[PDB]
């Protein structure tokens, strides 16, 4: 499932298949989406037809951007895509290539009962070896799990002393393994076609969405994956490790805060509970559902403030495991990584234990708008002062 040369004028669009460019003349790299789809060679988002009436829309994403965290949830087939107003100075819909206007118009159509105007959305993600793209699926606006009003939202971003709006758009990948290029090019030329995938026609007629849901097989992460890659994030975690060197137990509070960011409530927290080994037995309460229709489940918290050179092993994990006997699950927050043996034991024995490692802390901090050591410091000041 790797396509490079003239094959791009023949092969269909296959989910998670890789479509690579080729060298033409003098350093010029041919964009594969041109023969594969028929769009232009340029944008991060590309369309056919006019902007007022687009016939087909191609969305590409790097997934390397921490500023605008586009993401494809393989599990639910949900694709989160951020708009094209990425810096201060211009209003929401005023962009050079009009991506926000496009998004607005598409969601307008989808919501107003005119789905026939909505162009097929083809999602691609860059593998970033020269110019290559992995096809992620055919998508529709909205989601079966979201409120109607929350599928296209305008967020306020703050960068270098200024406030500007940008779109966060939610799409759902339809359950289709193969998208006929005949259909793509036909619709792209403005033609009417009967080669439309069943899920697409279904969405057209009824408005309903059949998502491509691909739950992850059991995963054991490596050391590199759990620890930050860049030195900056490493500095970020280091600030945390330094904050609690004089008061280790205090880190639990921090863990708690991180937990509230990670978890679908605001977890209730009881961090002050003397346990048998002289340490504390931190516990939490989580609500599942939406009151009046919801239940509460309890979890045990375990926080290990370690250096990256010191792994979390079988012993540390076994503490938490022993603490989750009468509780639904456990969360383990650590500024380091969990070694092979412990991870393997946890995934294999099916223990309900969340493993939040250093990289995860970095991500959670990113979502909280903390990208710099000073910001980490202020954040920690906030935690210590608020508990």
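Numbering follows the first chain given and starts at 1.
*Asks:* In the PDB record, does 17-25 or 360-368 carry the higher mean Cα temperature factor?
*Replies:* On average, C-alpha B-factors are higher across 17-25.
*Asks:* Out of 150-158 and 213-221, which stretch has the higher average CA B-factor listed in the record?
*Replies:* In the deposited entry, the stretch with the higher C-alpha B-factor mean is 213-221.
*Asks:* Checking the entry, which one of 63, 338, 58, 333 has the top C-alpha B factor?
*Replies:* Within the set 63, 338, 58, 333, 63 shows the top C-alpha B-factor.
*Asks:* Of the choices 166, 201, 132, 172, which one's C-alpha carries the largest B-factor in the record?
*Replies:* Answer, based on the entry's C-alpha B-factors: 132.
*Asks:* Going by the entry, which third of its chain does the Cα temperature factor of residue 120 land in?
*Replies:* Tercile = middle for this residue's CA B-factor.
*Asks:* Compare the C-alpha B factor of residue 268 with those of the other modelled residues in its chain, then answer lowest, middle or highest third.
*Replies:* For residue 268, whose C-alpha B-factor we compare with every modelled residue in the chain, the answer is the highest third.
*Asks:* Just say lowest, middle or highest third for the CA B-factor of residue 247 relative to the other modelled residues in its chain.
*Replies:* Residue 247: CA B-factor falls in the highest third of its chain.
*Asks:* Give the position of residue 238 by CA B-factor within its chain, expressed as the lowest, middle or highest third.
*Replies:* Ranked within chain, residue 238 CA B lands in the highest tercile.
*Asks:* Ranked by Cα temperature factor within the chain, is residue 232 in the lowest third, the middle third or the highest third?
*Replies:* According to the entry, residue 232 has a C-alpha B-factor in the chain's highest third.
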